[PDB]
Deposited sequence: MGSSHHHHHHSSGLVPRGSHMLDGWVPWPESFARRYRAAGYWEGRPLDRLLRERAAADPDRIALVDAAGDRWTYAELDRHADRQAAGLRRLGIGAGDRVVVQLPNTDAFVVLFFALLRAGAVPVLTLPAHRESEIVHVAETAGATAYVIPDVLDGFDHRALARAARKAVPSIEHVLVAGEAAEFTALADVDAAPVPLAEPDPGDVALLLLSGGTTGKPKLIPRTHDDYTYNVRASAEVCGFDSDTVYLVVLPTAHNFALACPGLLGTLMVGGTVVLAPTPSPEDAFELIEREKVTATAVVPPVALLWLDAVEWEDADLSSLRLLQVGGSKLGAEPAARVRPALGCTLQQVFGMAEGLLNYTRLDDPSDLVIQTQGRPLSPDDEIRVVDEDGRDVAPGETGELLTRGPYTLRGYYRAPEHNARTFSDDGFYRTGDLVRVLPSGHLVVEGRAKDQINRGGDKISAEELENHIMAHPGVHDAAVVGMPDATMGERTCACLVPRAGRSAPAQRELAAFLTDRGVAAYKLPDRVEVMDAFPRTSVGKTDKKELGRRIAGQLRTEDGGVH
């Protein structure tokens, strides 16, 4: 028996192997905090941007008090809770408080708006939603009012800030109570993927496979109690949460430092102030920092490791990381669905500069296939399929998409085009999936096309990626005007999409108007892309 329906467990033969190999240790995810606070209660676990800090024992006890408070509101054992928080201590306490209460966090990004929040809340059948009041000028309480109207199962809204008519997250607090432990083979949390379908898809991650993800990552990246890790990406991004991220830092007893933004003003000051030794960034932020060291006077010498992933870092800026920033670069090609590829910290510099790593687990299985699904000759480019001890066998409550996206023997089709070198290192070559990678942010073309086609001046829409030197890809929306009507310009379409509740990183960079799309009978986006020029 499993606590949640709608997900696809591993076949028993695989689960048996992963337990025998020691990958799946049988511990709930929250126990990484429990055991470290038992072994190192007075070490500094967490530092926020203001300079307030918390020990492991303080973090552990507050998670217990907030778990007991969540139970008093009836949030617990199995309930899905949508979490949308900034990089503050409130997120870290609440993550563990939800786990200890038995609730399943559904982790969303601060940038997600009504369209994304409502879909994941209705898919998950969420009973609670956790928000800031105002973040980067946007009032998330208005969004919570729109979500409660569209999703009647949301009973509670917890607000990190002025709660208005809702519940203040800081008042969710009570004397700790004996709480039962989840089964480690059960879903621990739900992650978001950009996806390639008309709606974002939820990724179930179990206690055993996510703990393995965190533990194995921590080992490969050399994270230990002397690690000071700066969270620059959103805490809810898998890269910054678990690869090894903040969970790896807490598991080994290091210090997590929360950055409010990736800008050099904020990040460089924290690196100097807290002697940060490790952080993870997307390539656009890596390029910004590589430039900014030339006019910023911060002392960054404490930095030992810079992880860069989410999209491909070029070989030329990769070679600048050691001269400009004084640290070791690690390229990371990973996905919320599971498979992580890491360059190793003592790899020759050539492979760190030229490749996106090799798989984390000895039992990550890799296939590279042509259009007919047959394995390519070694070193040829093809589509990456993967299966392993922390890669999902199916999305949450998405049977039709699962039938298209996983092979019969359980390989996940990543939609990435790669070459595998003789050493086993991967080079990312492109993509097969209809999803734009805009500086690390994933834009499902079909989802955005459906939103644009809701505009009354638009009949048909095709969303095509265009190369960009610093973002990798930008978004071009090719429109067929509504019959006898004019299609909107870029700024009017952006305003329509924003009011519809589309996250701002999904707004098209460019609008092109045409009478009809090239057809293969599917829309030929290969030819649209070159018909850009």
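Student: Where does the structure fail to cover the deposited sequence at the C-alpha level?
Tutor: The deposited sequence has unmodelled segments at 1-18, 539-540, 554-564.
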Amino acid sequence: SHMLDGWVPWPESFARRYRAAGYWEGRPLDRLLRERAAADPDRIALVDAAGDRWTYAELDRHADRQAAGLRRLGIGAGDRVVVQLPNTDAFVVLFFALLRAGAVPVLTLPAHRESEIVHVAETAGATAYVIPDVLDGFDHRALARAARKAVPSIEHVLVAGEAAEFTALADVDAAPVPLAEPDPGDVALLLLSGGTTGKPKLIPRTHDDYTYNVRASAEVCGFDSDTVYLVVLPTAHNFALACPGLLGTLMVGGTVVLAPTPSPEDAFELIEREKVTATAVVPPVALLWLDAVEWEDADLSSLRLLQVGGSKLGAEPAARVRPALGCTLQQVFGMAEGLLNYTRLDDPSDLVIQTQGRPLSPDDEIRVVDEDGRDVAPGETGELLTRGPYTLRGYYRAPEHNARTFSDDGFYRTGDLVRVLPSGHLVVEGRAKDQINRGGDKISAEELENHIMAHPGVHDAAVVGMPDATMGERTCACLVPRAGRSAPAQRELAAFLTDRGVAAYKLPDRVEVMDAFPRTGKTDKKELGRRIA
From here on, numbers count along this sequence of modelled residues.
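Student: Check the entry's C-alpha temperature factors for 321-329 and 70-78, then say which stretch has the higher mean.
Tutor: Averaged over C-alpha atoms, the B-factors run higher in 70-78.
Student: Which has higher Cα B-factors on average according to the PDB entry: 186-194 or 224-232?
Tutor: It is 186-194.
Student: Quick one: which of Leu107, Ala462, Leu288, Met251 has the biggest Cα B-factor according to the entry?
Tutor: That would be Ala462, according to the entry.
Student: Based on the PDB record, which member of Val214, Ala174, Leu94, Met335 exhibits the highest Cα temperature factor?
Tutor: Among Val214, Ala174, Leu94, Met335, the highest C-alpha B-factor in the entry belongs to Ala174.
Student: Quick check on the deposited entry: does the C-alpha B-factor of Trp54 sit in the lowest, middle or highest third of its chain?
Tutor: Within its chain, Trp54 is a lowest-third residue by C-alpha B-factor, going by the deposited values.
Student: Would you please rank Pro284 by its C-alpha temperature factor against the other modelled residues of its chain and give the third it falls in: lowest, middle or highest?
Tutor: Its C-alpha B-factor, which the entry lists for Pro284, ranks in the lowest third among residues of this chain.
Student: Which third, lowest, middle or highest, does the CA B-factor of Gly484 fall in along this chain?
Tutor: Highest third of the chain for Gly484's C-alpha B-factor.
Student: Can you tell me whether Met471 has a C-alpha B-factor in the lowest, middle or highest third compared with the other modelled residues of the same chain?
Tutor: Highest third.
Student: Within this chain, which third does the Cα B-factor at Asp209 fall in: lowest, middle or highest?
Tutor: Lowest third - that is where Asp209 ends up once the chain's C-alpha B-factors are sorted.
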